[PDB]
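Quick heads-up: it's one chain on its own, the form deposited in one PDB entry, in structure tokens.
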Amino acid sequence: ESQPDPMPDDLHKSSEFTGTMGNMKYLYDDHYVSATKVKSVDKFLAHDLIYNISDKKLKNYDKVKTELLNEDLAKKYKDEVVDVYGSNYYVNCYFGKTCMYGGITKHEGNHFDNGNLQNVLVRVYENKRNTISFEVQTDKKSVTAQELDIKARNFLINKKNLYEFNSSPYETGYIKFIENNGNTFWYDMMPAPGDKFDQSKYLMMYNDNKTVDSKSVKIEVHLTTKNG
């Protein structure tokens, strides 16, 4: 069964976050771990996998630990040739090391043919009006929801100032995934109330390694603006 859509009090309010909105912005603004045809090299806890992945660009890490929801997932992927996509953090990361959640898909059989890319449609709703729509791309057949989530938020940060250093133009936001079997789920896009932001804790939602069919999945982003 589907996750029921948000109740009014399910959704975090950015007005109730008095920490730094930049710490959320940072997780999604041109920010991801990406690795291809890798195989885990080690483990810390029972539910995690460590990989030798170096960031090209700014050269900040060469090992990545991904935590999974349970031990069965770790065992399932441990010796598989995988591709990795996700949002990394350094604060309270403990095994040039960085930490993330989920992001795992088997490589073999998971790509479209002629170097093809699959376009996935994101409809954006602002105070319930579909104001803009845009496409994100993946070359994966079964893609993590996290990868599509990161791609969509990166675009909304840049095009819609979704997150800014001090705050956000939006009060609440969730990203909803609609699958072709009718299953739906959603992530809260705002930080928990209070004055600190816990990145390890926020990102932990991706631990389930949730995958969707890229060719068929529908995405909705539902935002509410501040005054009314």
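We number the residues from 1 along the sequence you see. What we label the rigid core is the largest C-alpha set whose atoms superpose within 1.5 Å from one form to the other.
Using the rigid core as the fitting frame, the root mean square C-alpha deviation in 8 other deposited structures of this protein is greater for 7-15 than for the other of 21-29 and 7-15.
Greater average departure of CA atoms from the shown form, over structures and residues in 8 other deposited structures of this protein after a core fit, characterises 110-118 among 136-144 and 110-118.
In terms of unmodelled positions of the deposited sequence, the stretch from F95 to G96 in this entry skips 4 to 9 residues. Of the two segments examined, 175-183 and 33-41, it is 33-41 that shows the higher average Cα temperature factor in the deposited entry. Look at the C-alpha B-factors of 86-94 and of 148-156. On average they run higher in 86-94. The PDB entry gives the largest Cα B-factor of the residues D62, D198, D188, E67 to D62.
The entry lists a Cα temperature factor for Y202 that places it in the lowest third of the chain's modelled residues. Split the chain's modelled residues into thirds by C-alpha temperature factor. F112 is in the highest one. In this PDB entry, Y28 carries a Cα temperature factor that places it within the lowest third of its chain's modelled residues.
Per-chain ranking of the deposited C-alpha B factor places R123 in the lowest third. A74: CA B factor lies in the middle third for its chain, per the PDB record.
The form deposited with a partner chain bound is left out here; the points below concern that form.
The partner chain is not drawn, but in the deposited complex it has a heavy atom within 4.5 Å of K201. Mapping the unseen interface onto this chain, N92 counts among the residues with a heavy atom inside 4.5 Å of the partner chain in the deposited complex. Although the partner is absent from this view, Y101 contacts the partner chain in the deposited complex, with a non-hydrogen atom inside 4.5 angstroms.
Although the partner is absent from this view, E171 stays clear of the partner chain in the deposited complex, with no non-hydrogen atom inside 4.5 angstroms.
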